[PDB]
Amino acid sequence: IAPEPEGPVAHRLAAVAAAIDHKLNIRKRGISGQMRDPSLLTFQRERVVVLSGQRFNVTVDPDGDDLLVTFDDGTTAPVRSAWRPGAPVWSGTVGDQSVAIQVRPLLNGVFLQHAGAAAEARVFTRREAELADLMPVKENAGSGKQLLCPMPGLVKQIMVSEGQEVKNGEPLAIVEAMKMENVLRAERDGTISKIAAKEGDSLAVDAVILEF
Amino acid sequence: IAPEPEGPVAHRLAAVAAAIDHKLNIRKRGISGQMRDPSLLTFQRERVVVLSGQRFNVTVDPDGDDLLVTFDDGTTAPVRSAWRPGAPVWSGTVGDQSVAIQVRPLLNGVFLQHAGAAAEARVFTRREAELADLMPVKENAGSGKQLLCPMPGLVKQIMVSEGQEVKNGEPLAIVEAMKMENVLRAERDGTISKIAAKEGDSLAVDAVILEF
Amino acid sequence: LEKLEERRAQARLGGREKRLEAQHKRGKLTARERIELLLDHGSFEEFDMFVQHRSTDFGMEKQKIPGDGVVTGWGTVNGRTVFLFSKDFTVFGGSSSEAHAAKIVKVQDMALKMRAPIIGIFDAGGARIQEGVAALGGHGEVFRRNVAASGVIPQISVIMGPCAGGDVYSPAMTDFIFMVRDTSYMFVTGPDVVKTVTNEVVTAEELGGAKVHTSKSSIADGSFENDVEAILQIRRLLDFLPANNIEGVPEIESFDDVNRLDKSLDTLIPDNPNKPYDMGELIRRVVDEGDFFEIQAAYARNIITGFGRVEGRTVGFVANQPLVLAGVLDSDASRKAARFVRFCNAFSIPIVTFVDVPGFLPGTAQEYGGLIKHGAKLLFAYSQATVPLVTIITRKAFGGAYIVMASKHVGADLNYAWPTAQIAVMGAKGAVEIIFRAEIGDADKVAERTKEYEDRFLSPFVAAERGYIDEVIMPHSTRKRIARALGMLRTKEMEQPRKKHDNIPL
Amino acid sequence: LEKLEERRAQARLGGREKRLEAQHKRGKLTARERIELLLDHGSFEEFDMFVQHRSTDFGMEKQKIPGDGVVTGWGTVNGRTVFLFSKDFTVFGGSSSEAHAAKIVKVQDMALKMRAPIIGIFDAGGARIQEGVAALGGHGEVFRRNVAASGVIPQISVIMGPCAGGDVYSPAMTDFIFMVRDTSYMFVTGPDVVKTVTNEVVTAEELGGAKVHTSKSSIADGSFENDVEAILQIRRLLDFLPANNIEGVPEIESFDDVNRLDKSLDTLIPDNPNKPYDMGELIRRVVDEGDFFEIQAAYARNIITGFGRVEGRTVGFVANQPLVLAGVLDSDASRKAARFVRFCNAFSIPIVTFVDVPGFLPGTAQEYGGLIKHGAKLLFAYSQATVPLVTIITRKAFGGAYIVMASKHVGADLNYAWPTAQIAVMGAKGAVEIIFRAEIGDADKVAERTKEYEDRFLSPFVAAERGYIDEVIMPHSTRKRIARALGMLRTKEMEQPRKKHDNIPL
Amino acid sequence: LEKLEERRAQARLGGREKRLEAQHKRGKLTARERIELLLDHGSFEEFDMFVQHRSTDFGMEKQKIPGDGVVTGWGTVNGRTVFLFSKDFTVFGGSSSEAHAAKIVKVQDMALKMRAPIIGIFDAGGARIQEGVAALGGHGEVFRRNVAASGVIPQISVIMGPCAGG
Ligand SMILES: CC(C)(COP(=O)(O)OP(=O)(O)OC[C@H]1O[C@@H](n2cnc3c(N)ncnc32)[C@H](O)[C@@H]1OP(=O)(O)O)[C@@H](O)C(=O)NCCC(=O)NCCS
Ligand SMILES: CC(C)(COP(=O)(O)OP(=O)(O)OC[C@H]1O[C@@H](n2cnc3c(N)ncnc32)[C@H](O)[C@@H]1OP(=O)(O)O)[C@@H](O)C(=O)NCCC(=O)NCCS
Ligand SMILES: CC(C)(COP(=O)(O)OP(=O)(O)OC[C@H]1O[C@@H](n2cnc3c(N)ncnc32)[C@H](O)[C@@H]1OP(=O)(O)O)[C@@H](O)C(=O)NCCC(=O)NCCS
Ligand SMILES: *C(=O)CCCC[C@@H]1SC[C@@H]2NC(=O)N[C@@H]21
Ligand SMILES: *C(=O)CCCC[C@@H]1SC[C@@H]2NC(=O)N[C@@H]21
């Protein structure tokens, strides 16, 4: 498991998330068809950055091309970059230090990786952060330690053996239906207890291939 | 089985069918929206009356209000009636003789009952009759000796007994579903060989109730 | 010129004498015979008799048959202009080629320009394999014209033979599909490919026969014993339908009387609320002369759709059938009635609705099948309609089913109710169990409250006091009230807001 | 006046503090919190804050809560006017009464009159049982206005709680339904009646939960983790959509370049024909900044629908997904794509279609389920569209599936093909088996025929020679060609024939 | 693929190098050169580059030239959308065949649908004699489009060679 950010790494990640959110909001406010001129509105300077269950109360101040991010404890960190949405890597300076941060798409946020640490970054207003705090933490269910075959077809290849350790996202078998292969992947972590289906067999819907 | 018409009964039935067809065609030709005036058209006097597998070549000539039907052998049977479509009984004179014929409409024809004889009557033109002769005589496949339950529900009553002979169109059992009764009827002919369910039994679809 | 007549006679032979004889031995008419039977005598004018294909692949240049497997033209049915095309099964199996599709496109364009009905007679194989993608392009042009003509002119498809592959999509977009039993079938994919892929063995009849498409798949609007009966019923249906979306319903001289009373209807509703009755009997005692052209009679038999006449004018009828599934609304009945209502509204056909519905069909099978959107389809069709709407509640109208079945709240013009009507949110027992949930343990109190609720609300008078029902009428005056209401409502003028089209759920 | 502020504060409490605390303990926001989150800060104006019901049955006169269980009003989302109503679950379980439905009707009328989007937030129970048929009448009025607004203004329904009975039919007729996982559900009939009728024991989640309606029943267009995520995604979606059917798609400043080439697309198509690829990767590499709002992502995954931006303007995307069922067209994918295409056309959103489809799904399950009409739905939607249509064939386009997937024959404006495209009636093996059926009993001759057919016809060049494909393009220029084509096609002007509406199969 | 680029380069040659050289020796530009000079740099998008005729009369099946004697497409002139077609005199003398007229009809329909000007560049011979009444039918379709577009979009014809017959 990738460690959560802490200290200066967390501060830099929060500043970068705030800068990306500010850029996206500035672009968003320029949409056409608004009821009145968007210039007649105001941007809420106070922001909350949540880095995987870690809050940062920050203020974003546009100062020229670069962005100025001020944290609660007096510390300020100017942010300067030419990054544009869709670019997989955020490159620029936070404070007075060059940094390269991986940016991945996320629902209402961004997934950030930097200096060996990874975190999901979401930027809210204070009221939005308060409302988001009311949402519960939901736990996933999982799979019943069996690789059910999602479609009928003929088994082409099995790249696992009984008593072998597999992680999540690892391919397990290939099933070909109507002249098209389908790579089945493990949805959990564990060891394969036994293999039921064999290469050349024709399976059906909800058929046991292997047990975890 | 009701006997088919024979001799003068068949002639009267054919004349009545021809008169009904003539009346219906005369009314039909008055529909609105026609490309040109309906009067600027001709009616084919020669007709073929198919009377339950029996053909009569007839000519229809409107002698004023009444209709004159002439058969192949030269005999003429004037038809006079005030019958209107939707009336279950055709009453009038066919060849100076009052008659009463039950009229039950069917697809492209009428079902006629008179003097103890019943027949399906269809009136074609000569070309239409020739084309209809090309159609095959299809035989019904019938039904099996098992009475399956068409809907799930609770059996409320059975009106047949063990070893009881039943005919077509006769009630067999009552099944109630969603606070509504459903009367099941025999689709064939055959003595009941066994009754699988009784009152109070909950049955699913395609469940055996009684066996023929 | 004798040579011109000889060429015409040669073109009339289609494939060959042997193939025509084989066609007749299956009990099927030839394409030209079916056209002759459909049209008024001597009215058929044929287009493109001598058209032949231009393919030079796989030795097709050595097989040039005039007409290219389809007979197109126009005629009259009962004196009214109709366009038609009949695919010739003896010519390359009726398969659709470039010139074949061009002839069909010509007749479709003529039908649309002249605002006249177009009849498609299908006995074919699909796209001609030897011609490659040109056949697909022609099929696409035919599909585009089918979509362009939708809701403008009535389009009738008659399936009188095989209909496989891309051929089936043209009838699917037409208004009505009729099939001949034991000789016609429709499927996107044939039995051989089904066996190859899914490993199941099915015949053509088991996969796409008339029974399957009339009772299970919702595809066909009806089936007939043979070709002659089917074609005569097509002529009857054409007599029922308007020529286009402008001229209105056709009118004939009615032999029936609009002021007659039907005393037998006063005893139609059984005293026992759990006992059903035949709604088809009510429909056939309301229409002129007991003449009713039912649509999709074998499918979703808990509802009834079809065409009748009131005072000589075409009227559409929708009615719950208590004999089947207690008359509840499910997905199949909702889709059937919704399509019928949409067709009637598109062509200015007034709709009469008879309502006896306890609610919707419960269960996981309905919800997983999308009952929400399927019922919304019928609700959408009723709320969208601008044709006259006359609704009669016979016995029951509960809750959302009451709302959907052309209630005044969704735009019905006149809403009548019989004295036995029960317009309520739900049954008395469930309503009491919900309202008085705190005291469900006292049996006598529960029974007393159920009786009080039944007396107060299981009646048409709460709706009548709110104005939701225009009048409670005697059952014997139903036909008279309907005829007078339709006569008054003929001048109805209303329009939906301006849009490209609606977004009705699919 | 301090009394006015006190009355406002009392009205803001809904049911009571205990009910709101229970709502929060369920993990759900209150109706007013949801409205505040959806709208721009300080933009909400509330209508009918003090509206009270007028029912006097069953002791309802002693329970008069201002607002009657729904909060209505209007505001701005990213500066653009939106109308909204949010049902208050704390007030009579959010049930719909006469005054409740009157408030909803007022907000619907305002939204339609002002030509602005309307958002429905559903956390309720349906018609209020104590009010009888008045609640049903109000529901019917809401349904009528939903149908009137269809295709004129975008209608978005957000299910954030129970939605049962007649309540479900209003969202069903809207353009998009979104659900919150583990806390929202939808069904026509509740679990108790299901148990009493069908003897089936089912929970609310198993009957109508988010997973069921996002992956099985085709009802919901998407699901989200919680209320906050769902509302933020609603705000995101509103930025894609036009405000009405006149103003056109909204425009923003794009950070992407329309002239950039994507060399990685030249290796996207695998050499092995049996090897699949992710079409979502192509879509996300074509749209601006890799930003794609997918619609019905969990349902009928053999096809992909969703909204992207090209040069800062909203573009709809439809694409076969080879990863699921080899990218074949079945009934579910056909209906999903058809509804999406209908919505895009109704609101003047151009559609880009990526085609890789070997045909339709065979089997008796598809044929009995009405695959003919369901595929005809997508064909009808494509042939009906008057918005710009740009089609790109990547690997395969066989037969009728090729016709349906926005081919030039059904009205596509520009049809491009990659060098790996294969536009043919069917595969080489089947075509040889049909054309050379007389010599099917060989092994070397059959192989030679198959190879010759593969060389001649399994390519984009037969279609290109007929003009069915405008140009065979390099895969790395796909985005540039799409952007230039859409820029040119913005001025497209086309009209369907005059009609009240079409008769698309349902 | 290099094969696609090779096919494009072969289609760009029209009749042959000798025909193009003879065209240049008369002081005339080629059809593609005329299109390039008319449109803004890099704005030309070509339709139906690989379209070829389907005639099998008088040995035409042995002469299948991509484009069938006309180059069609769209571009911009000073940033404004225009549609155009240039008849290629090197391909059968620029004569109009069924596929040739179909390409012209496609570009005319696009121009009318998009409400943009259409430019016709004529260097041709008329109806292709080997393609019978099909050539005449294609000419008639082009005429119908010309009449339909009259007074809706500006139509400009440039005669840069022979223009005879229909
Ligand atoms: C439509 C269909 C169900 C007809 O049923 P059938 O009578 O049992 O099949 P037939 O072979 O006898 O068809 C009759 C003729 O029309 C031809 N034909 C049928 N469909 C055709 C098509 N789409 N293209 C070209 N020719 C076709 C057949 O080759 C056959 O020729 P033949 O008499 O000289 O042998 C079936 O032919 C069909 O599905 N055709 C579509 C193409 C196909 O897939 N054929 C193989 C499946 S059998
Ligand atoms: C919508 C529904 C699934 C909500 O789930 P639920 O929370 O488990 O059910 P609840 O009883 O707790 O509903 C909350 C309150 O709103 C009320 N309510 C819910 N739906 C109502 C309706 N249509 N009319 C009037 N009141 C209603 C309930 O009576 C309940 O009142 P209470 O808290 O004082 O006891 C369910 O209440 C429902 O289906 N309501 C429709 C009417 C019905 O059929 N109720 C019986 C089925 S449980
Ligand atoms: C249009 C025209 C004035 C061109 O002038 P030209 O250069 O002196 O005539 P050309 O013979 O050299 O035409 C060039 C080629 O295009 C061909 N061509 C020209 N018009 C054609 C047509 N309508 N159909 C088919 N081919 C045609 C010519 O056959 C010639 O072929 P070639 O080079 O292999 O010998 C003349 O060719 C013409 O009128 N064509 C119409 C058909 C006709 O009547 N031809 C005989 C009159 S010369
Ligand atoms: C008692 O047996 C159950 C009565 C309530 C259920 C019935 S089933 C058909 C109707 N539809 C519905 O939702 N409820 C009614
Ligand atoms: C070989 O395995 C079968 C190839 C032909 C069937 C396949 S299945 C998916 C495609 N759809 C269709 O109708 N045929 C294709």
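Note: hydrogens, waters and symmetry copies are ignored here, and every other heavy atom, side chains too, is used. Chain letters run A, B, ... following the sequence lines, proteins first and then strands; every chain starts at 1.
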Do you know which two heavy atoms are closest between [X] and [Y], and how far apart they sit?
X        : Y        : answer
D:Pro505 : C:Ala172 : CG-O, 3.8 Å
C:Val152 : D:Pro497 : CG2-CB, 4.2 Å
C:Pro362 : D:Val193 : CG-CG1, 4.4 Å

- Query: What's the verdict on side chain to side chain contact (heavy atoms under 4.5 Å, CB included) for C:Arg342 and D:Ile504, showing C-alpha distance, side-chain angles and the deciding distance?
  - Reply: CA-CA 9 Å; C:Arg342 291 261 298 186; D:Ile504 182 179; 3.8 Å; yes
Between [X] and chain D, which part of the residue has a heavy atom less than 4.5 Å away: side chain, backbone, both or neither?
X        : result
C:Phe343 : both
C:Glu465 : neither
C:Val387 : both
C:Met186 : both
C:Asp57  : side chain
C:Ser217 : both
C:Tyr382 : neither
C:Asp167 : neither
C:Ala135 : neither
C:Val202 : side chain
C:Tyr453 : side chain
C:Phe436 : side chain

Which one, [options], leads in non-hydrogen pairs under 4.5 Å with chain D?
options                                : answer
C:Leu136, C:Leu112, C:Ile177           : C:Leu136
C:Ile403, C:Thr189, C:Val404           : C:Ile403
C:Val194, C:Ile219, C:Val212, C:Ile423 : C:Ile219
C:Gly363, C:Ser150, C:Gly400, C:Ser407 : C:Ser150
C:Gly430, C:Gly369, C:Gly399, C:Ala401 : C:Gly399
C:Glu367, C:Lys499, C:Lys216           : C:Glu367

Given the options [options], which has more heavy-atom pairs under 4.5 Å with chain C than any of the others?
options                                : value
D:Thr196, D:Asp175, D:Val142, D:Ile246 : D:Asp175
D:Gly411, D:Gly126, D:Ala365           : D:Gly411
D:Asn244, D:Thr198, D:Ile129           : D:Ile129
D:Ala127, D:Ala148, D:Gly166           : D:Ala148
D:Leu371, D:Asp502, D:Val197, D:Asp192 : D:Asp502
D:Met173, D:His139, D:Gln496           : D:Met173

- Message: Nearest 0.5 Å, please: how far is CZ in D:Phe187 from OH in C:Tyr368?
- Response: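 Output value for this atom pair is 11.0 Å.
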- Message: Please report the interatomic distance CD1(D:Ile372) to SG(C:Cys163), rounded to the nearest 0.5 Å.
- Response: 7.0 Å
Per-residue contact mode, [X] against chain C (heavy atom under 4.5 angstrom):
X        : value
D:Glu98  : side chain
D:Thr386 : both
D:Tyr402 : side chain
D:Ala346 : both
D:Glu200 : side chain

- Item | C:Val188 vs D:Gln366 side-chain heavy atoms within contact, under 4.5 Å | no
- Query: With sequence neighbours left out, which residue pairs that include part of residues 131-150 of chain C fulfil the salt bridge (charged side-chain N to carboxylate O under 4.0 Å, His left out) condition?
  - Reply: C:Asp109-C:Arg145, C:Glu141-C:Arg144, C:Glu141-C:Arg145
- Task: Any salt bridge (charged side-chain N to carboxylate O under 4.0 Å, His left out) involving residues 398-409 of chain D? Give me the pairs, sequence neighbours left out, ordered by first then second residue.
- Result: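 Residue pairs passing salt bridge (charged side-chain N to carboxylate O under 4.0 Å, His left out), neighbours aside: D:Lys408-D:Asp470.
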- Task: Ignoring hydrogens and angles, tell me if any N or O in the side chain of D:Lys373 forms a donor-acceptor pair with the backbone of C:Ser218 under 3.5 Å.
- Result: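 Yes, the answer is positive, given that a donor and an acceptor are paired below the 3.5 Å cut-off.
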- Item | Side-chain donor/acceptor of C:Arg339 to backbone N/O of D:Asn503, under 3.5 Å |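 Looks like yes, one N/O pair under 3.5 Å.
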- Message: Using the rule given for side chain to side chain contact (heavy atoms under 4.5 Å, CB included), can you reason through D:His501 versus C:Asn345, listing the C-alpha separation, both sets of side-chain angles and the distance that settles it, and then say yes or no?
- Response: CA-CA 9 Å; D:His501 56 70; C:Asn345 180 67; 3.0 Å; yes
- Message: Looking only at side-chain N and O atoms, does C:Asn245 offer a donor or acceptor that is under 3.5 Å from a partner on D:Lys500?
- Response: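 D:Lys500 vs C:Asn245: no donor-acceptor pair found between side chains.
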- Task: Take the angle between the ring planes of D:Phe58 and C:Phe457 and call it parallel below 30°, perpendicular above 60°, tilted in between.
- Result: tilted
